[PDB]
Each structure stands twice: as C-alpha cells, then as structure tokens.
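A quick write-up on the structure given underneath.
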Protein chains: 2
Amino acid sequence: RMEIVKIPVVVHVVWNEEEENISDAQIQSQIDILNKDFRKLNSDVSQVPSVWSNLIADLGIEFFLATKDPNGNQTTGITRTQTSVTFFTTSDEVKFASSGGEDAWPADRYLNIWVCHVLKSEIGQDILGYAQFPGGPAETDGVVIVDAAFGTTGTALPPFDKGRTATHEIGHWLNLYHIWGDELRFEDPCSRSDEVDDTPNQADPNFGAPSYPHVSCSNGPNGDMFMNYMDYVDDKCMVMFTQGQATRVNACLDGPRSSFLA
Amino acid sequence: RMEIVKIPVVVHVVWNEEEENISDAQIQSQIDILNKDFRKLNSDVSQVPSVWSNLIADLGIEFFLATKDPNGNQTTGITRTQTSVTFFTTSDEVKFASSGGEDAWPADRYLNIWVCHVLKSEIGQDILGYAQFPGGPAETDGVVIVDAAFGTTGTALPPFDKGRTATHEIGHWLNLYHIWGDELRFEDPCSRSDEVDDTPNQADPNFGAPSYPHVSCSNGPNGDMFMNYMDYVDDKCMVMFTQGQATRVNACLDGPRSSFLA
Ligand SMILES: [Ca+2]
Ligand SMILES: [Ca+2]
Ligand SMILES: [Ca+2]
Ligand SMILES: [Ca+2]
Ligand SMILES: [Ca+2]
Ligand SMILES: [Zn+2]
Ligand SMILES: [Zn+2]
C-alpha cells in the first residue's frame with residue numbers, strides 16, 4: 001500500500017505588466033497536472049515504449065494550494081506581488097521582497113513556487129525554470145517557473161503548455177538529477193551518472209520531440225529514455241518517472257524533507 | 001589620474017573543526033594579495049608574454065578589512081561562526097545563520113567574503129569558490145572561498161596558495177565572465193563570448209600551467225590568454241586583467257555598485 005504524501009503549495013506570482021498576474025484558473029491547471037504526473041495518472045503515459053512499461057512509477061505524491069498561511073490563518077495559497085523588475089535570474093532575486101520578488105514561506109511546511117515573466121541564467125540565456133535541491137537554505141527553497149511555461153491555459157504557450165516544466169523542476173526539488181548526468185563541455189559525454197540504474201546511460205540532453213530509439217553512449221538497441229521528465233524534451237514528449245527515480249524521491253521524503261510526512 | 005576605489009571587506013569565517021578557524025595572518029595575507037593584483041603591483045606580472053604587455057590593466061581598486069560594522073561600531077572586519085555543517089554548496093547555505101553559516105552584511109557598503117572548509121557544486125564536484133554577479137539579491141551578495149585556497153600562509157595549499165581564487169571570484173563580483181565563454185557540453189566551443197574584445201576568443205578553460213602559446217578557436221599565433229585571472233589555471237600562472245576587462249569593471253562601479261564610490 002502506498003502512503004500518499006500531500007504537499008501544500010504556495011504560488012508566488014510576481015508581476016510587472018498586468019498580463020503576468022496570471023489567473024487562478026492557470027494556477028489551478030498546473031496543480032491538476034502535478035496531481036496526474038506524480039501519480040502516474042497522465043493519459044500520455046501510453047507513449048512510453050512498451051519495453052520500459054514495467055519501469056514507470058507512481059511517485060505517490062499529491063499537491064494542493066495551501067489552505068492555511070504560515071501563522072495558521074485562512075489563505076488562497078497564492079500571493080500576488082507587483083514589481084518594477086523586468087527579469088529575474090538564477091541568483092534568486094525573485095525570492096526576496098528586497099530585490100523586487102516575494103519572500104519564501106517556511107520550506108519545511110510548504111513547496112514554494114515562484115512564477116515570473118522572464119528568467120535568465122547567469123550568462124544571459126533565457127530559461128523556463130530552475131529548482132533548489134534539498135539541503136539548501138530555507139530562504140530560497142522551492143522552484144521558479146516562467147508564466148509562459150506554467151499551467152495549461154492562460155499565458156502558457158506551446159511547446160511548454162502541458163505543465164511539465166514544473167514536473168521537471170519539482171523532480172529536482174525531490175533530489176532527481178538530469179538523466180544525461182550534466183557533463184561539463186570538456187568532459188566525456190558518457191562519463192557522468194544520474195545515480196539511477198534504470199535510466200539508461202545517456203550522452204547529452206534531448207530537446208524537441210526525438211524519435212524512438214535515440215541511441216547514445218552505446219545504450220542500444222533501446223536508446224535514451226528521452227521521455228523521462230528529467231530530460232529536456234518538449235512537454236508533450238516527457239511522460240514518466242522510473243521506479244529507480246522513485247527510490248531517490250522516497251529517500252528525500254524519508255530524510256531531508258521528512259517534515260512533509262504525516 | 002586614477003580614482004582609487006576603496007572597498008571595505010568583511011570576512012565571515014565559518015568553521016567546524018578548530019583548524020578551519022583561520023588565523024588573522026592568513027586573512028590579512030589575502031587582503032595583501034588583492035591589493036597587489038587589483039593595482040597591477042604583483043611582481044609576477046612579468047610573466048605575461050610581451051606581445052600582450054600593452055593590454056595589462058591597473059584596475060584601481062584596493063580593499064581593506066572593515067573598521068566599522070553595519071551600525072557604525074568598531075569592528076575587526078572578521079566574523080567567526082562555529083558550525084556543525086561539514087560542507088557547503090553553491091546553494092548559499094554558508095550565507096545564512098539558519099543553515100549553519102553567517103548572514104551577509106549590507107551589500108551596498110561591504111564586500112562579503114565567506115570562508116569555509118569544503119565547497120561543492122550542485123552535482124557534488126569539489127570547488128574552490130564561487131561568486132554572485134552584480135544585480136542579485138543583497139542577502140547573498142559576495143564571494144565564497146575554501147580556506148585551503150584563501151591567503152598565502154596558514155592552511156593555504158599549492159597550487160592554490162597565492163591568493164588568486166579570491167582575485168578570480170572578485171572578478172565575477174565586478175561583472176567579469178570566464179574568458180572562454182562558458183559553453184554548455186553540446187555547444188560549439190568557439191561560439192560564446194566573455195564580451196571583452198581584447199581577450200582572444202577561446203575554446204575551453206585552461207588548467208594547470210599551460211605553455212605559451214596555447215592556440216584554440218583559430219586564435220593563433222598568440223593563442224589563449226590563459227594567464228588572465230578569469231581562466232582556470234593554477235595560481236602561479238594567472239597574473240593579469242586586461243584593459244578591456246577594466247572597462248567592464250568601471251561600468252560595474254559606475255552603475256550597479258556605484259554605492260561603493262566616494
Ligand atoms: Ca542562491
Ligand atoms: Ca542512469
Ligand atoms: Ca552523459
Ligand atoms: Ca573575448
Ligand atoms: Ca569558448
Ligand atoms: Zn533540470
Ligand atoms: Zn569563475
């Protein structure tokens with residue numbers, strides 16, 4: 001029998017122009033997707049090659065917008081903060097009131113999700129989202145997603161309009177690593193591990209919509225598990241976590257995030 | 001005539017075992033190095049190939065341990081905080097008391113330098129230090145260096161015992177990018193720029209002690225400027241900033257860090 005872990009979420013919408021102050025419906029659409037993907041209830045799980053059907057996991061996690069604020073008072077579970085800031089970066093400006101964002105709620109009790117319009121990496125690349133892995137400071141714990149990649153209605157835009165950026169970043173929040181192993185430019189692309197046996201060793205990230213099989217690192221004939229949420233493919237293409245990943249998630253819930261357990 | 005910008009520094013020593021509570025002498029040795037490297041007074045500047053002699057810059061910045069704390073009271077400019085934490089990461093745990101580190105002093109008035117024993121990247125690689133570029137939140141502004149790579153005496157160890165890790169990270173703090181451009185694994189290694197014309201286009205980081213010339217990206221015959229502080233070579237090998245880098249630094253001081261100006 002699975003113990004379903006129910007995670008309270010607070011969504012911090014940080015907006016400059018009115019259009020970025022995204023609707024309640026758009027936010028709720030994201031929660032709905034999380035409750036499918038983390039329970040193996042997404043219909044598109046049918047896309048997984050049958051050779052790997054046996055490895056598809058139900059992570060046994062569900063999410064809901066918080067009903068009580070950190071001090072025990074009724075809340076919608078959504079904060080909305082106007083800002084004059086035109087873009088945020090991975091340096092966490094969105095996570096502090098002082099830098100034109102919104103302060104985190106207590107990370108031992110809530111999953112903080114910030115949503116903003118523009119997000120850049122430290123070297124100016126536009127990105128869709130970023131996570132903090134377990135064990136970092138509470139002040140910046142959580143995930144950040146751009147509004148055009150959040151939810152399945154409103155400002156969400158293809159190919160990132162199926163809510164999978166949040167599924168991917170929350171995977172990091174639960175201690176999952178990129179399936180290809182995150183090699184640096186000069187390292188052998190077959191050399192690093194995501195620390196999960198049942199995800200095939202893989203060269204580089206996959207983007208777009210690859211055709212099965214996509215072989216790398218001598219992993220034929222089945223190839224890369226590019227339909228795993230921890231690859232970089234388009235939303236419609238990523239549809240599963242593995243049981244080996246569930247093991248890591250379980251270790252995260254039993255350890256550093258055990259405060260979320262009943 | 002150069003206007004010398006004088007930057008007050010606070011060093012936050014965060015220590016678990018006694019040996020990590022580094023000496024006043026070791027800390028002062030680091031300040032002494034910064035005051036040579038940022039003024040072109042380091043004797044090893046003679047190591048620069050003569051073809052590039054004309055490009056070597058005096059940044060006109062000097063550093064001193066703060067004499068007044070954030071509320072105007074006398075200070076040594078050094079905080080020392082015992083911790084039970086055994087390693088810190090790029091997630092900034094060392095920058096908050098809550099996560100076993102030490103809170104930043106106001107970033108508009110001080111350069112925060114944290115020193116700890118062990119530092120890892122997000123994927124568990126041992127690293128020597130890391131910076132926050134300008135514009136990020138004040139709470140985490142500054143640089144972090146491991147004690148074995150800090151100063152020129154005490155616990156500092158070759159090949160990182162000439163105080164250059166701090167010179168390099170403070171370069172980032174002043175808006176300088178890696179000279180090779182930070183390509184991702186799958187990108188053309190000649191494709192990204194550090195946004196400085198007088199640093200030659202360069203494939204990858206250099207490590208150790210390269211022999212001149214080291215050509216990449218068709219940048220012959222002179223090759224990579226691997227003796228620049230913003231490469232990744234050993235301390236004894238990095239000895240200069242360029243005038244083009246000085247331009248970026250000046251723009252940083254005139255803009256986002258203008259609060260440090262007299
Ligand atoms: Ca941070
Ligand atoms: Ca694997
Ligand atoms: Ca790989
Ligand atoms: Ca250049
Ligand atoms: Ca390059
Ligand atoms: Zn990711
Ligand atoms: Zn660097």
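Start at 1 and go down the list; that is how both ligands and their atoms are numbered. Just so you know, these numbers use all the heavy atoms, side chains as well, and skip hydrogens, waters and symmetry mates. Just so we're on the same page: letters track the sequence lines, and every chain starts at 1.
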### Under 3.0 Å from the Ca ion (ligand 3) - protein N/O/S, by chain and number
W180(A) O, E183(A) OE1, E183(A) OE2, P189(A) O, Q202(A) O, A203(A) O
### Task
Keeping waters out of it, list the protein N, O or S atoms under 3.0 Å from the Ca ion (ligand 1).
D92(A) OD2, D92(B) OD2
### Message
Determine whether a donor-acceptor pair (N or O, by modelled atom type, separation under 3.5 Å) exists between the side chain of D198(B) and the backbone of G244(B).
### Response
yes
### Task
Kindly say whether the aromatic ring centers of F260(B) and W173(B) come within a distance under 6.0 Å.
yes
### Residues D37(A) and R164(A) bridged, charged N to O under 4.0 Å
yes
### Query
Under 3.5 Å, is there a donor-acceptor pair between the side chain of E169(A) and the main chain of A131(A)?
yes
### Task
Check whether any side-chain N or O of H117(B) sits under 3.5 Å from a backbone N or O of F87(B) as a donor-acceptor pair, and report yes or no.
no
### Task
Might you point out which heavy atoms bring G208(B) and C237(B) nearest each other, and give the distance in Å?
O-SG, 3.9 Å
### Query
Run the salt bridge (charged side-chain N to carboxylate O under 4.0 Å, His left out) check on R192(B) and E187(B) step by step: do they pass?
CA-CA 9 Å; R192(B) 287 188 179 273; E187(B) 287 179 311; 2.7 Å; yes
### Message
Closer than 3.5 angstrom, by distance alone: can the side chain of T83(B) be matched with the main-chain N or O of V14(B) as a donor-acceptor pair?
### Response
no
#### Entry: Under 3.5 Å donor-acceptor, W105(B) side chain and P70(B) backbone
no
